[PDB]
2 protein chains.
Amino acid sequence: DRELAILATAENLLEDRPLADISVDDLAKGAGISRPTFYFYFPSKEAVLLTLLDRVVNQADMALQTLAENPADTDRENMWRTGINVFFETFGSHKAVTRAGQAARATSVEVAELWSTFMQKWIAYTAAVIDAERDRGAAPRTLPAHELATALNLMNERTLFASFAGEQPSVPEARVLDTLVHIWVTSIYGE
Amino acid sequence: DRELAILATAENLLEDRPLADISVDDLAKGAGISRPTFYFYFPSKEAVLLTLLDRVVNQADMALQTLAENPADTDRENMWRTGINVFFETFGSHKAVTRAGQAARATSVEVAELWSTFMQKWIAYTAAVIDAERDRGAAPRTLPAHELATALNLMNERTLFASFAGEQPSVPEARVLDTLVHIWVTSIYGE
Ligand SMILES: NS(=O)(=O)c1ccc(C#CCNS(=O)(=O)c2ccccc2)cc1
Ligand SMILES: NS(=O)(=O)c1ccc(C#CCNS(=O)(=O)c2ccccc2)cc1
């Protein structure tokens, strides 16, 4: 729609500057519409970022749901690698939205609640798979599954974001998947 | 000095509200001085937070240096637990400064560089101990030591902060030390 044009303009402009340096008039100009026509589709530039983040987070969530219903036929290391890779590829494909979404989180209760809702879902699913692994006798009963899942998911949130944002310090982007898979597998399967 | 009174006032006021909701006049009033006398000791409320964070970070750093020179006589699990506990106790004792310091980081190049400098030091020290553990034949040569160290330190930064800030999701504060020690020990010693 013109809606898609506003979203595409915002994702494109977030690649060279922060949301603070983008005006409603910048987004309108980019989408070939007026300022008031803009305000028809979205109440604020903040609402545009929220919609962009919602789309990225639901893409990750739907990719993980697809994988959950369609297990890869490989060893347990390559199965965790496949699941972590959903997040690596999805957020890694939308770095500017990921970086601006993380920033907004301090300032936007809707952005903070969106990230919180999905992190709770992804942790609950992580804990359920660890529990299944313990029930089949492949993983030892060590930490409570939900607490282990929480820290592994927060590790991935922080470590993926540092790599994508080029922070110092960070794991290089070409090494981060293998780094996370090692810590997940040793911490889930180790005595 | 009056310097200490300004710092004590700022740490006390950060326990009930963010830096954005504190005025230079609030800090002056709390320290029993005028606004211009305030500006003698610090150029901005931002500079007060930077000094508070600098003190907290250097307290952690000096506690870790003391431990490094004075190894506990216990198994390797309790030794990593002792080292992680420096961070748990130091930042956990200064939650309001930790929370405001993390926030400022998006907005303050000095705060971002301070955290970055110390994270690089703590990762370099973590990697050196893993390497020593591999050299003595107690730890297997798995991931590159520096990349493993990076992700474990970023895990701790994020997970400690979520617990302290009461985020959803978070590991409960009374379980976070044990959760982190499990992941460090299994990921450092596991094949
Ligand atoms: N947001 S996050 O990056 O912390 C994260 C969150 C969750 C997951 C996951 C998962 C598990 N699904 S599975 O990999 O298909 C699998 C199936 C069966 C046996 C082993 C594994 C990965 C990452
Ligand atoms: N900022 S952070 O929380 O990620 C972190 C960073 C670094 C450390 C540490 C450490 C290692 N020193 S040691 O524990 O004394 C030890 C000595 C000998 C044998 C095993 C261990 C802990 C935590």
Side-chain angles (χ1 to χ4, degrees), chain A residues 57 60-61 63-72 74-88 90-91 115 118-119 121-130 132-133 136 138-139 149-161 169 176-177 180-181 184-185 188-189, chain B residues 57 60-61 63-72 74-88 90-91 115 118-119 121-130 132-133 136 138-139 149-161 169 176-177 180-181 184-185 188-189:
Chain A
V57 161
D61 192 55
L64 183 68
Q65 284 184 230
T66 298
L67 191 51
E69 301 167 356
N70 296 281
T74 190
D75 56 39
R76 53 209 205 173
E77 175 169 356
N78 272 287
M79 288 178 89
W80 289 108
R81 175 182 283 101
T82 303
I84 295 164
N85 190 58
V86 166
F87 292 92
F88 176 73
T90 303
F91 288 103
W115 192 259
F118 276 94
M119 287 293 291
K121 185 169 177 184
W122 297 331
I123 284 161
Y125 172 65
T126 302
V129 176
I130 289 169
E133 286 296 83
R136 89 179 174 90
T150 300
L152 292 174
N153 275 244
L154 287 172
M155 176 177 64
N156 285 18
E157 175 192 320
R158 186 69 183 98
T159 304
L160 290 177
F161 174 90
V176 71
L177 189 53
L180 297 175
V181 167
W184 280 56
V185 169
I188 294 169
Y189 296 100
Chain B
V57 161
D61 192 55
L64 183 68
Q65 284 184 230
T66 298
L67 191 51
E69 301 167 356
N70 296 281
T74 190
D75 56 39
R76 53 209 205 173
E77 175 169 356
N78 272 287
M79 288 178 89
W80 289 108
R81 175 182 283 101
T82 303
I84 295 164
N85 190 58
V86 166
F87 292 92
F88 176 73
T90 303
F91 288 103
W115 192 259
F118 276 94
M119 287 293 291
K121 185 169 177 184
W122 297 331
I123 284 161
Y125 172 65
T126 302
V129 176
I130 289 169
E133 286 296 83
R136 89 179 174 90
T150 300
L152 292 174
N153 275 244
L154 287 172
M155 176 177 64
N156 285 18
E157 175 192 320
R158 186 69 183 98
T159 304
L160 290 177
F161 174 90
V176 71
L177 189 53
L180 297 175
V181 167
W184 280 56
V185 169
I188 294 169
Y189 296 100

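Remember, it's 1-based here, ligands and their atoms both numbered in the order they're listed. In what follows, every heavy atom counts, from backbone to side chain, and hydrogens, waters and symmetry copies are set aside. Labels below follow one simple rule: chain letters A, B, ... track the order of the sequence lines, proteins then strands, and each chain is numbered from 1.
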**Student:** So, using ring pair (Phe, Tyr, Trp, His ring centres under 6.0 Å) as the criterion, who are the partners of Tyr125(B) when residues are at least two apart?
**Tutor:**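 So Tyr125(B) forms no ring pair (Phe, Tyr, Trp, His ring centres under 6.0 Å) with any residue.
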
**Student:** Checking ring pair (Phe, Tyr, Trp, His ring centres under 6.0 Å) between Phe87(B) and each of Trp80(B), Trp122(B), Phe118(B), which is the one that passes?
**Tutor:**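 Among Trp80(B), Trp122(B), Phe118(B), the one meeting ring pair (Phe, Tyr, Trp, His ring centres under 6.0 Å) with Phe87(B) is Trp122(B).
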
**Student:** Could you check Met155(B) against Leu180(B) for side-chain contact (heavy atoms from CB on, under 4.5 Å), going step by step and ending with a plain yes or no?
**Tutor:** CA-CA 8 Å; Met155(B) 176 177 64; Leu180(B) 297 175; 3.8 Å; yes

**Student:** If the threshold is 4.0 Å, N to carboxylate O, is there a salt bridge linking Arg158(B) and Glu157(A)?
**Tutor:**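 Counted as a salt bridge, because a side-chain N and a carboxylate O are separated by less than 4.0 Å.
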
**Student:** Quick one: nearest non-hydrogen protein atom to atom 12 (N) of ligand 1, plus distance?
**Tutor:**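 Closest protein heavy atom to atom 12 (N) of ligand 1: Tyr125(A) OH, 3.1 Å.
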
**Student:** Is the backbone of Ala149(A) close enough, under 3.5 Å, to the side chain of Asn153(A) for a donor and an acceptor to pair up by distance?
**Tutor:**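 Yes.
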
**Student:** For ligand 2, is any non-hydrogen atom under 4.0 Å from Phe87(B)'s backbone (N, CA, C, O), its side chain (CB onward), both, or neither?
**Tutor:**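 For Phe87(B), only side-chain atoms sit under 4.0 Å from ligand 2.
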
**Student:** So is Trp122(A) polar-close to ligand 1, meaning N/O to N/O under 3.5 Å?
**Tutor:**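 Such a contact does not occur with ligand 1.
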
**Student:** Please check this pair: side chain of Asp61(A) against backbone of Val57(A), looking for a donor-acceptor N/O pair closer than 3.5 Å.
**Tutor:**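 Not at all, since once roles are kept as given, no pair shorter than 3.5 Å links the two residues.
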
**Student:** In Å, rounded to the nearest 0.5 Å, how long is the span from CG of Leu67(B) to CE of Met79(B)?
**Tutor:**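 The distance works out to 8.0 Å.
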
**Student:** Does ligand 2 have any atom sitting under 4.0 Å from a heavy atom of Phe88(B)?
**Tutor:**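 False for this residue.
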
**Student:** Is there a polar contact, in the sense of an N or O pair closer than 3.5 Å, between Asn153(A) and ligand 1?
**Tutor:**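 By distance alone, the answer is yes.
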
**Student:** Among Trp184(A), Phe91(A), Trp80(A), which one has a heavy atom closest to atom 23 (C) of ligand 1?
**Tutor:**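 Result: the heavy atom closest to atom 23 (C) of ligand 1 is in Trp184(A).
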
**Student:** My understanding is that we take every heavy atom of each candidate and find the minimum distance to atom 21 (C) of ligand 2. Doing that for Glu69(B), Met155(B), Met119(B), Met79(B), which one comes out nearest?
**Tutor:**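 The nearest heavy atom belongs to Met79(B).
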
**Student:** So which bit of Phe118(B) gets within less than 4.0 Å of ligand 2, heavy atoms only: side chain, backbone, both or neither?
**Tutor:**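 Neither part.
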
**Student:** Relative to the heavy atoms of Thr126(A), which atoms of ligand 1 are at a distance of less than 4.0 Å?
**Tutor:**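 In order of numbering, the contacting atoms are 6 (C), 7 (C), 8 (C).
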
**Student:** When you check the side-chain N and O atoms of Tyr189(B) and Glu133(B), is any donor under 3.5 Å from an acceptor?
**Tutor:**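 Yes, side-chain donor-acceptor contact under 3.5 Å.
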
**Student:** Decide whether an N or O pair under 3.5 Å exists between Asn156(A) and ligand 1.
**Tutor:**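 The answer is yes, given that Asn156(A) and ligand 1 share an N or O pair closer than 3.5 Å.
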
**Student:** Taking all non-hydrogen atoms of both residues into account, name the closest pair between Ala139(A) and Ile188(A) and its distance.
**Tutor:**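 Looking at all heavy atoms of both residues, the closest pair is CB-O, 3.7 Å.
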
**Student:** Check if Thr82(A) has a non-hydrogen atom at a distance under 4.0 Å from any atom of ligand 1.
**Tutor:**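 No.
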
**Student:** Which atoms of ligand 2 sit under 4.0 Å from any heavy atom of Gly83(B)?
**Tutor:**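 Numbered from 1, ligand 2 contributes 14 (O), 22 (C).
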
**Student:** Hey, which atoms in ligand 2 end up nearer than 4.0 Å to a heavy atom of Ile84(B)?
**Tutor:**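 Listed by number with element, the hits are 22 (C), 23 (C).
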
